[PDB]
Amino acid sequence: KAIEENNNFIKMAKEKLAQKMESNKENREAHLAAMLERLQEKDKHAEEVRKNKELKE
Amino acid sequence: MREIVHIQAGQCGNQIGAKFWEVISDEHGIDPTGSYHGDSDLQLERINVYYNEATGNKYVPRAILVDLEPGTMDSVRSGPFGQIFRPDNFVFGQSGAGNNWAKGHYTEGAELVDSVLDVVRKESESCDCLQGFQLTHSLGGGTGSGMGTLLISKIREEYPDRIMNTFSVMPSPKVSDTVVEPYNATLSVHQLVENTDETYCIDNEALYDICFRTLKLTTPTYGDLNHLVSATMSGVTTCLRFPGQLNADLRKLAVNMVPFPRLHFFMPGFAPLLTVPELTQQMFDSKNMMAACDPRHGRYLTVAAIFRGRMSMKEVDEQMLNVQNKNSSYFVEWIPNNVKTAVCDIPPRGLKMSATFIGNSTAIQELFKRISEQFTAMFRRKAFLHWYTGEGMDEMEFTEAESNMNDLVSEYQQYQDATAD
Amino acid sequence: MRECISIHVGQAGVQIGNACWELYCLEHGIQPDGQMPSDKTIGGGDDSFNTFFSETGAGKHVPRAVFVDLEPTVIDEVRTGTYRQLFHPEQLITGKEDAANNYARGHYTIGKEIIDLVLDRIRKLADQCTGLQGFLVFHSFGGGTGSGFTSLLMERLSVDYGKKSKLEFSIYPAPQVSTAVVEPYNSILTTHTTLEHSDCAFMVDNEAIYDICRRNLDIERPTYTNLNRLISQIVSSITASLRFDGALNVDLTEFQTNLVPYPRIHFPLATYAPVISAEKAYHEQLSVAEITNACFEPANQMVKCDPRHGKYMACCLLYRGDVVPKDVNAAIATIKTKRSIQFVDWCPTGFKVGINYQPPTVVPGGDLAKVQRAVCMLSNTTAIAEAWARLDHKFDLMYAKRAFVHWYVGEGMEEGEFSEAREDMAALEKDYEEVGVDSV
Ligand SMILES: Nc1nc2c(ncn2[C@@H]2O[C@H](COP(=O)(O)OP(=O)(O)OP(=O)(O)O)[C@@H](O)[C@H]2O)c(=O)[nH]1
Ligand SMILES: Nc1nc2c(ncn2[C@@H]2O[C@H](COP(=O)(O)OP(=O)(O)OP(=O)(O)O)[C@@H](O)[C@H]2O)c(=O)[nH]1
Ligand SMILES: CC(C)(C)c1[nH]cnc1/C=c1\[nH]c(=O)/c(=C/c2ccccc2)[nH]c1=O
Ligand SMILES: [Ca+2]
Ligand SMILES: [Mg+2]
Ligand SMILES: [Mg+2]
């Protein structure tokens with residue numbers, strides 16, 4: 001029982017840690033993915049502005 | 001985190017940049033060629049933040065000098081520290097902008113932007129550990145206002161995890177009487193709220209009022225205004241340019257100063273324009289604010305104070321406690337211990353003791369409302385839109401810029417009205 | 001054997017490590033180069049000082065320690081400082097970019113890039129040991145590395161070393177010396193995530209040490225140098241049981257049995273005496289009774305709280321120097337009748353004593369007077385929850401408005417982690433309340 005419970009604690013610490021570190025990498029990547037997608041939406045808007053100058057001449 | 005990459009854009013940006021580099025080169029013991037001639041080891045300890053070490057012990061600025069108008073290239077190169085700059089880092093266009101934001105941001109500045117990005121990448125790649133970027137510019141012009149904000153958004157794409165800082169010069173009718181400046185500022189603010197980590201509101205109205213009323217000059221030139229800005233910029237970069245026991249970089253300080261991402265517009269201040277209690281009362285006074293807003297019309301979210309000179313630190317601790325006690329209502333109760341202080345041994349040239357002030361006050365809305373009033377005076381009668389709508393823009397984008405700045409003011413007000421219980 | 005590996009995380013941990021290791025060296029007669037002339041057995045040994053120092057075949061006595069930080073400038077000063085020869089380069093581990101006063105960067109973003117290296121270097125020290133007892137983790141609550149990297153490290157050390165003991169020396173934040181507005185967050189986060197992985201934690205309140213340096217040592221504006229030297233004296237009193245040979249010397253693990261009545265109630269209040277200047281010490285010998293009485297004066301505590309308005313679950317007295325049991329017993333009998341020492345009904349009221357004959361040492365050019373005798377009291381009092389309360393209140397004021405929370409969320413953290421941490425602290429406060437309540 002002393003071994004079982006010491007292993008249980010090592011087990012669940014390892015699983016809790018891996019679940020957090022993965023969940024964090026999902027979040028931080030989804031945060032940076034949104035930030036770049038807003039910046040790429042500006043490049044698409046600046047392509048419409050530069051077309052509406054040429055298509056008004 | 002050590003190396004910062006400086007970028008100066010437009011006439012305003014390049015001249016305040018030039019002055020910035022004159023003062024810190026003097027402080028660090030760098031002569032116009034770029035050799036070390038000082039005495040203290042503290043001058044070289046964090047020299048790498050703003051300078052590259054070339055062959056023959058040559059210290060060269062990490063500066064990128066940018067404009068659509070040539071001629072500004074000559075004035076910087078002819079100036080006192082014109083030789084020290086890197087020749088390839090000069091990236092100058094052809095036909096200028098003529099105080100037009102859509103020229104700087106969407107069309108003519110967009111053609112020059114990739115040639116600037118080359119110099120940024122070349123400087124950034126050589127950095128052992130790049131911390132971030134500082135942009136000196138005005139928001140009333142065309143190039144620094146528009147191409148400066150395009151650079152911000154383009155630098156963000158390739159360096160999303162680096163700090164982006166701006167010394168953004170706010171336009172005022174008392175200094176410059178160009179009529180479309182309220183359009184330029186409002187379009188820039190729409191970019192700055194989204195894409196910068198912290199922005200210093202160096203306001204030309206406050207700099208005029210200081211120069212007129214305090215310094216006694218009847219009609220001040222741009223040279224007089226810049227004496228104050230170079231004193232400010234030297235002050236707010238002291239924490240990065242010298243140690244001592246403080247261990248701070250652009251991110252640490254942005255973390256302690258910016259409690260909400262959009263609310264990153266600070267109120268600078270300097271003193272004197274002397275004893276420690278006088279300094280401390282002077283820097284918190286509205287007359288010494290480089291932004292034209294009254295602290296007492298709102299509340300401080302956070303404050304950073306930075307003293308310079310030989311002085312009793314016990315006395316500085318007592319005096320900073322004194323003003324927080326005496327002015328308790330003007331600091332939000334729901335962020336404990338939000339006023340922080342550093343002391344630097346090395347004073348600036350001329351003064352034995354100085355203090356520099358950085359404040360994230362909800363009163364900054366007084367600056368944004370003033371611009372918003374000047375903006376809406378023109379926009380509601382569709383005046384001067386042919387400058388912008390000709391270059392390709394839509395009225396929708398003009399409405400969005402107004403609405404974003406009105407939201408910014410609404411949010412500053414929300415947290416000013418917020419209470420603990 | 002019974003080896004003890006110290007791990008020093010962040011600026012506060014590293015700089016406290018320097019104070020501690022400089023101080024141990026002087027206590028054990030170890031030179032800056034690592035030589036120990038009085039040590040006749042070259043290359044190894046089973047002596048008491050070998051619990052903290054391994055020996056090389058060249059006679060070098062090397063700290064069983066690792067210095068970790070996520071930026072180079074603090075550890076660079078050990079690499080180039082007086083004791084540069086004392087540490088192997090592999091014991092001193094630095095990153096390039098710090099955690100920026102952000103728990104998230106220390107635990108996840110920057111911290112995950114160096115964590116495997118750090119554990120590998122701890123493993124080389126562990127394999128030097130014939131009977132490893134445990135770890136002593138020095139770190140701040142407030143720093144991003146101090147809070148975030150420590151938590152990560154403690155989590156991993158529980159995986160790799162099971163239930164092998166892990167002690168903390170945690171630096172609790174104070175506005176006088178701190179420059180970080182987000183410390184309340186970092187503190188609550190690290191305290192929450194480490195709680196299951198620490199067996200005992202000695203908190204040190206910077207304000208408590210700041211006031212002691214001002215009041216007792218007459219230092220107008222105490223620096224970290226002033227605080228760390230005092231802290232190292234307290235740390236030395238607590239580790240002296242492991243590092244020295246003694247007939248009346250009680251082991252630290254034996255005090256721990258008395259100090260930790262339940263796993264979560266593992267935060268002893270430390271109190272040290274005498275802290276006195278050289279001027280005041282001259283023609284002023286302080287008896288056993290005077291320094292023992294000084295332990296119950298709350299101005300001498302390492303954490304600002306009031307034991308008199310709380311309840312005791314343990315009281316341990318760690319004496320060092322010219323001290324004999326007779327005097328200690330007399331002094332205790334005097335204190336019992338004269339002072340506010342109320343125990344809970346489920347504990348026995350007897351004070352537990354340990355004595356080390358090796359007297360306390362001072363660092364040359366210090367502020368402390370060299371004294372013949374000294375004492376450190378380790379008590380388990382419900383009063384220490386006040387420190388949790390003050391810090392939990394600062395957290396709530398900011399978190400209600402989500403102030404600064406975007407910085408943590410930007411680096412990958414969820415709001416769930418904040419409230420989960422605060423609820424654990426709410427429970428911790430409730431636990432300290434419950435243990436004080438009388439039985440039925
Ligand atoms: N404080 C200060 N303000 C300046 C300085 N030079 C220009 N300004 C202000 O900057 C605003 C105009 O922007 P400029 O920087 O001249 O224009 P630009 O960004 O170079 O754009 P273009 O002129 O179109 O190339 C006005 O409000 C001026 O008062 C200076 O040296 N100091
Ligand atoms: N007692 C003591 N406290 C310190 C020392 N250095 C820093 N602190 C305190 O520790 C807290 C700040 O954390 P640091 O340890 O400096 O930061 P860090 O752990 O290096 O983490 P980052 O710098 O954010 O990556 C504040 O409360 C400081 O006052 C020291 O030498 N002694
Ligand atoms: C403790 C102290 C005074 C160092 C502090 N705490 C939070 N902020 C600061 C100061 C600053 N904070 C900043 O964010 C800052 C910005 C900066 C520095 C250099 C270049 C551009 C911006 N400059 C500062 O001096
Ligand atoms: Ca030996
Ligand atoms: Mg121009
Ligand atoms: Mg640090």
# chains A, B, ... in the order shown; residues from 1 in each chain; ligands from 1
>>> residues_around(residues="residue 17 in chain A", least_positions_apart="6", cutoff="9 Å", atoms="only C-alpha atoms", output="ChimeraX atom specification")
/C:152,155-156
>>> residues_around(residues="range 312-316 of chain C", least_positions_apart="2", cutoff="10 Å", atoms="only C-alpha atoms", output="compact mmCIF listing (two decimals) with N, CA and C atoms, in the first residue's frame")
# COMPACT_ATOMS: atom_id res chain seq x y z
N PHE C 255 12.72 17.82 14.32
CA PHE C 255 11.88 19.01 14.51
C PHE C 255 10.68 18.97 13.55
N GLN C 256 10.92 18.57 12.30
CA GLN C 256 9.85 18.48 11.29
C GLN C 256 8.68 17.59 11.69
N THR C 257 8.98 16.49 12.37
CA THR C 257 7.94 15.60 12.92
C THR C 257 6.99 16.37 13.83
N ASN C 258 7.56 17.23 14.68
CA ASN C 258 6.78 18.07 15.58
C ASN C 258 6.11 19.26 14.89
N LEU C 259 6.75 19.80 13.85
CA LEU C 259 6.29 21.02 13.18
C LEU C 259 5.12 20.86 12.20
N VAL C 260 4.98 19.68 11.59
CA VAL C 260 3.98 19.44 10.55
C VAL C 260 2.92 18.44 11.03
N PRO C 261 1.83 18.93 11.63
CA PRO C 261 0.77 18.05 12.10
C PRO C 261 -0.14 17.53 11.00
N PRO C 268 6.43 26.77 9.24
CA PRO C 268 6.84 27.26 10.55
C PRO C 268 7.24 28.74 10.57
N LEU C 269 6.86 29.41 11.65
CA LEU C 269 7.30 30.77 11.91
C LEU C 269 8.72 30.69 12.42
N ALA C 270 9.62 31.46 11.82
CA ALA C 270 11.01 31.55 12.29
C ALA C 270 11.20 32.84 13.09
N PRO C 307 1.64 35.91 16.99
CA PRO C 307 1.37 34.62 17.64
C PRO C 307 0.49 34.74 18.89
N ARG C 308 0.57 35.88 19.59
CA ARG C 308 -0.16 36.09 20.84
C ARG C 308 -1.68 36.08 20.61
N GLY C 310 -3.06 34.17 18.36
CA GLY C 310 -3.25 32.88 17.68
C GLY C 310 -2.93 31.72 18.62
N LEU C 318 16.26 26.16 18.52
CA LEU C 318 17.56 25.76 17.98
C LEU C 318 18.66 26.71 18.47
N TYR C 319 19.33 26.33 19.56
CA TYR C 319 20.42 27.12 20.11
C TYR C 319 21.72 26.81 19.41
N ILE C 341 1.64 32.21 25.59
CA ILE C 341 1.94 30.99 24.83
C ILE C 341 0.80 30.00 25.06
N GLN C 342 -0.25 30.14 24.25
CA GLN C 342 -1.41 29.26 24.33
C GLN C 342 -1.32 28.20 23.25
N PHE C 343 -1.36 26.93 23.65
CA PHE C 343 -1.36 25.80 22.73
C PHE C 343 -2.78 25.33 22.42
N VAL C 344 -2.94 24.68 21.27
CA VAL C 344 -4.17 23.96 20.96
C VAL C 344 -4.30 22.78 21.92
N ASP C 345 -5.54 22.35 22.15
CA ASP C 345 -5.81 21.28 23.12
C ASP C 345 -5.33 19.88 22.71
N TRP C 346 -5.11 19.67 21.41
CA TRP C 346 -4.68 18.38 20.87
C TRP C 346 -3.15 18.16 20.78
N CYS C 347 -2.36 19.19 21.07
CA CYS C 347 -0.90 19.10 21.12
C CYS C 347 -0.39 19.12 22.56
N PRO C 348 0.80 18.52 22.82
CA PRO C 348 1.50 18.71 24.10
C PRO C 348 2.32 20.01 24.14
N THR C 349 2.36 20.65 25.30
CA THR C 349 2.88 22.01 25.44
C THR C 349 4.40 22.13 25.60
N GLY C 350 5.12 21.02 25.70
CA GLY C 350 6.57 21.06 25.94
C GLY C 350 7.37 21.65 24.79
N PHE C 351 8.36 22.48 25.12
CA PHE C 351 9.26 23.08 24.13
C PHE C 351 10.36 22.08 23.82
N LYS C 352 10.66 21.90 22.53
CA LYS C 352 11.70 20.98 22.08
C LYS C 352 12.99 21.75 21.79
N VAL C 353 14.11 21.24 22.29
CA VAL C 353 15.40 21.95 22.27
C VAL C 353 16.48 21.21 21.47
N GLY C 354 17.32 21.98 20.78
CA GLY C 354 18.54 21.49 20.15
C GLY C 354 19.67 22.48 20.38
N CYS C 376 17.49 30.23 17.28
CA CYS C 376 16.42 30.35 16.29
C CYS C 376 15.23 29.52 16.75
N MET C 377 14.08 30.16 16.93
CA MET C 377 12.87 29.46 17.31
C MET C 377 12.06 29.15 16.05
N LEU C 378 11.68 27.88 15.91
CA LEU C 378 10.77 27.43 14.87
C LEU C 378 9.49 27.02 15.58
N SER C 379 8.42 27.77 15.33
CA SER C 379 7.12 27.47 15.91
C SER C 379 6.07 27.27 14.81
N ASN C 380 5.09 26.43 15.12
CA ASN C 380 3.96 26.22 14.25
C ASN C 380 2.76 26.87 14.92
N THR C 381 2.43 28.07 14.45
CA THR C 381 1.36 28.87 15.02
C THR C 381 0.34 29.18 13.93
N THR C 382 -0.93 29.23 14.32
CA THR C 382 -2.00 29.58 13.39
C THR C 382 -1.88 31.02 12.90
N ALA C 383 -1.22 31.85 13.71
CA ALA C 383 -0.93 33.25 13.37
C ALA C 383 -0.28 33.48 12.01
N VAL C 435 -7.66 24.05 12.70
CA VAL C 435 -6.71 23.46 13.64
C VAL C 435 -6.69 24.16 15.01
N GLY C 436 -6.98 25.46 15.03
CA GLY C 436 -7.04 26.22 16.27
C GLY C 436 -8.27 25.96 17.11
>>> residues_near_ligand(ligand="ligand 1", cutoff="8 Å", atoms="only C-alpha atoms and all ligand atoms", output="PyMOL selection string")
chain B and resi 9-16+67-69+96-101+104+137-146+169-173+175-178+181+202-204+207+222-223+225-226+229
>>> write_last_selection(atoms="C-alpha atoms", output="PDB file, in the first residue's frame")
ATOM      1  CA  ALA B   9      10.473  58.256 -38.874  1.00  0.00           C
ATOM      2  CA  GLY B  10       9.562  61.647 -40.425  1.00  0.00           C
ATOM      3  CA  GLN B  11      10.857  65.145 -39.598  1.00  0.00           C
ATOM      4  CA  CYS B  12       9.677  65.162 -35.968  1.00  0.00           C
ATOM      5  CA  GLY B  13      10.911  61.617 -35.337  1.00  0.00           C
ATOM      6  CA  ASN B  14      14.369  62.204 -36.822  1.00  0.00           C
ATOM      7  CA  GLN B  15      15.030  65.503 -34.988  1.00  0.00           C
ATOM      8  CA  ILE B  16      13.900  64.216 -31.538  1.00  0.00           C
ATOM      9  CA  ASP B  67      11.717  59.352 -44.206  1.00  0.00           C
ATOM     10  CA  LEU B  68       9.830  59.801 -47.506  1.00  0.00           C
ATOM     11  CA  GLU B  69      11.319  63.323 -47.819  1.00  0.00           C
ATOM     12  CA  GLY B  96       7.599  62.882 -49.584  1.00  0.00           C
ATOM     13  CA  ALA B  97       4.070  62.704 -48.133  1.00  0.00           C
ATOM     14  CA  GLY B  98       2.974  66.325 -47.498  1.00  0.00           C
ATOM     15  CA  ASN B  99       1.187  65.742 -44.165  1.00  0.00           C
ATOM     16  CA  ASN B 100      -0.979  62.899 -45.534  1.00  0.00           C
ATOM     17  CA  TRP B 101      -1.593  59.681 -43.529  1.00  0.00           C
ATOM     18  CA  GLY B 104       2.494  57.096 -45.472  1.00  0.00           C
ATOM     19  CA  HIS B 137       7.699  60.003 -34.577  1.00  0.00           C
ATOM     20  CA  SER B 138       4.849  62.536 -34.664  1.00  0.00           C
ATOM     21  CA  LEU B 139       1.204  61.574 -35.218  1.00  0.00           C
ATOM     22  CA  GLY B 140       0.309  64.889 -36.944  1.00  0.00           C
ATOM     23  CA  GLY B 141       2.543  64.399 -40.017  1.00  0.00           C
ATOM     24  CA  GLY B 142       2.347  62.014 -42.973  1.00  0.00           C
ATOM     25  CA  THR B 143       5.414  59.739 -42.859  1.00  0.00           C
ATOM     26  CA  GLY B 144       5.994  59.317 -39.097  1.00  0.00           C
ATOM     27  CA  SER B 145       2.238  59.254 -38.526  1.00  0.00           C
ATOM     28  CA  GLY B 146       1.320  56.784 -41.311  1.00  0.00           C
ATOM     29  CA  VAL B 169       4.390  63.250 -30.584  1.00  0.00           C
ATOM     30  CA  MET B 170       0.784  64.538 -30.319  1.00  0.00           C
ATOM     31  CA  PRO B 171      -0.104  67.546 -32.546  1.00  0.00           C
ATOM     32  CA  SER B 172      -1.293  70.955 -31.247  1.00  0.00           C
ATOM     33  CA  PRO B 173      -2.702  74.123 -33.006  1.00  0.00           C
ATOM     34  CA  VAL B 175       2.774  74.831 -32.297  1.00  0.00           C
ATOM     35  CA  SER B 176       1.679  73.897 -35.849  1.00  0.00           C
ATOM     36  CA  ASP B 177      -1.377  75.342 -37.649  1.00  0.00           C
ATOM     37  CA  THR B 178      -1.669  72.636 -40.388  1.00  0.00           C
ATOM     38  CA  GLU B 181      -3.480  67.064 -38.127  1.00  0.00           C
ATOM     39  CA  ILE B 202       4.826  63.584 -25.730  1.00  0.00           C
ATOM     40  CA  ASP B 203       2.284  66.399 -26.314  1.00  0.00           C
ATOM     41  CA  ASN B 204       3.197  69.584 -28.236  1.00  0.00           C
ATOM     42  CA  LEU B 207       5.624  71.464 -24.390  1.00  0.00           C
ATOM     43  CA  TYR B 222      11.194  73.344 -32.315  1.00  0.00           C
ATOM     44  CA  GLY B 223      14.677  73.473 -30.713  1.00  0.00           C
ATOM     45  CA  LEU B 225      10.460  71.925 -27.389  1.00  0.00           C
ATOM     46  CA  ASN B 226      13.084  69.227 -28.068  1.00  0.00           C
ATOM     47  CA  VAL B 229      11.719  65.814 -25.063  1.00  0.00           C
TER      48      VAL B 229
END
>>> residues_near_ligand(ligand="ligand 3", cutoff="7 Å", atoms="only C-alpha atoms and all ligand atoms", output="PyMOL selection string")
(chain B and resi 134+165+235-240+246+248+250+253-254+256-257+304-306+340-342+358) or (chain C and resi 179)
>>> interface_residues(of="chain A", to="chain C", cutoff="6 Å", atoms="only C-alpha atoms", output="JSON, numbers by chain")
{"A": [10, 24, 27, 28]}
>>> residues_near_ligand(ligand="ligand 4", cutoff="12 Å", atoms="only C-alpha atoms and all ligand atoms", output="ChimeraX atom specification")
/C:1,28,30,35-51,53-62
>>> atom_distance(atom1="CA of residue 275 in chain B", atom2="CA of residue 313 in chain B")
12.5 Å
>>> residues_near_ligand(ligand="ligand 6", cutoff="10 Å", atoms="only C-alpha atoms and all ligand atoms", output="list in words")
residues 246, 247, 248 and 252 of chain B; 9, 10, 11, 12, 13, 14, 69, 70, 71, 72, 73, 74, 97, 98, 99, 100, 101, 140, 142, 143, 144, 145 and 146 of chain C
>>> decode(residues="range 325-340 of chain B", atoms="N, CA, C and O atoms", output="JSON list (two decimals), in the first residue's frame")
[["chain", "number", "residue", "atom", "x", "y", "z"],
["B", 325, "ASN", "N", 0.22, 59.16, 0.52],
["B", 325, "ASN", "CA", -0.66, 59.47, 1.67],
["B", 325, "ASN", "C", -1.52, 60.70, 1.39],
["B", 325, "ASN", "O", -2.75, 60.63, 1.41],
["B", 326, "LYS", "N", -0.86, 61.82, 1.10],
["B", 326, "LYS", "CA", -1.51, 63.11, 0.84],
["B", 326, "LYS", "C", -2.42, 63.16, -0.40],
["B", 326, "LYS", "O", -3.32, 63.99, -0.44],
["B", 327, "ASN", "N", -2.16, 62.31, -1.39],
["B", 327, "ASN", "CA", -2.95, 62.28, -2.63],
["B", 327, "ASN", "C", -3.68, 60.95, -2.85],
["B", 327, "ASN", "O", -3.93, 60.55, -3.99],
["B", 328, "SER", "N", -4.08, 60.29, -1.76],
["B", 328, "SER", "CA", -4.59, 58.91, -1.79],
["B", 328, "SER", "C", -5.73, 58.65, -2.77],
["B", 328, "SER", "O", -5.79, 57.58, -3.38],
["B", 329, "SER", "N", -6.62, 59.63, -2.94],
["B", 329, "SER", "CA", -7.78, 59.49, -3.84],
["B", 329, "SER", "C", -7.40, 59.40, -5.33],
["B", 329, "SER", "O", -8.18, 58.87, -6.13],
["B", 330, "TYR", "N", -6.22, 59.90, -5.69],
["B", 330, "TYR", "CA", -5.79, 59.95, -7.10],
["B", 330, "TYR", "C", -5.02, 58.71, -7.57],
["B", 330, "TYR", "O", -4.46, 58.72, -8.66],
["B", 331, "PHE", "N", -5.00, 57.65, -6.75],
["B", 331, "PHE", "CA", -4.42, 56.36, -7.12],
["B", 331, "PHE", "C", -5.48, 55.30, -6.88],
["B", 331, "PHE", "O", -6.03, 55.23, -5.79],
["B", 332, "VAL", "N", -5.78, 54.48, -7.89],
["B", 332, "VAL", "CA", -6.81, 53.45, -7.73],
["B", 332, "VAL", "C", -6.49, 52.51, -6.56],
["B", 332, "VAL", "O", -5.39, 51.96, -6.46],
["B", 333, "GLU", "N", -7.46, 52.38, -5.66],
["B", 333, "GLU", "CA", -7.34, 51.50, -4.48],
["B", 333, "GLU", "C", -7.23, 50.01, -4.81],
["B", 333, "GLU", "O", -6.68, 49.25, -4.01],
["B", 334, "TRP", "N", -7.74, 49.60, -5.97],
["B", 334, "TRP", "CA", -7.82, 48.18, -6.37],
["B", 334, "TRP", "C", -6.55, 47.62, -7.06],
["B", 334, "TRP", "O", -6.54, 46.46, -7.47],
["B", 335, "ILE", "N", -5.49, 48.43, -7.18],
["B", 335, "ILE", "CA", -4.14, 47.95, -7.51],
["B", 335, "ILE", "C", -3.19, 48.41, -6.39],
["B", 335, "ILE", "O", -2.73, 49.55, -6.39],
["B", 336, "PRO", "N", -2.90, 47.52, -5.42],
["B", 336, "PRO", "CA", -1.99, 47.88, -4.32],
["B", 336, "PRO", "C", -0.58, 48.17, -4.78],
["B", 336, "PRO", "O", -0.11, 47.55, -5.73],
["B", 337, "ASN", "N", 0.09, 49.10, -4.11],
["B", 337, "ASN", "CA", 1.51, 49.35, -4.31],
["B", 337, "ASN", "C", 1.85, 49.60, -5.78],
["B", 337, "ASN", "O", 2.76, 48.99, -6.34],
["B", 338, "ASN", "N", 1.08, 50.51, -6.38],
["B", 338, "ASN", "CA", 1.17, 50.78, -7.82],
["B", 338, "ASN", "C", 2.11, 51.93, -8.22],
["B", 338, "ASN", "O", 2.27, 52.21, -9.41],
["B", 339, "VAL", "N", 2.73, 52.57, -7.23],
["B", 339, "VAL", "CA", 3.72, 53.61, -7.46],
["B", 339, "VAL", "C", 5.08, 53.03, -7.11],
["B", 339, "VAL", "O", 5.32, 52.68, -5.95],
["B", 340, "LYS", "N", 5.97, 52.91, -8.10],
["B", 340, "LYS", "CA", 7.31, 52.36, -7.90],
["B", 340, "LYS", "C", 8.39, 53.38, -8.26],
["B", 340, "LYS", "O", 8.16, 54.28, -9.07]]
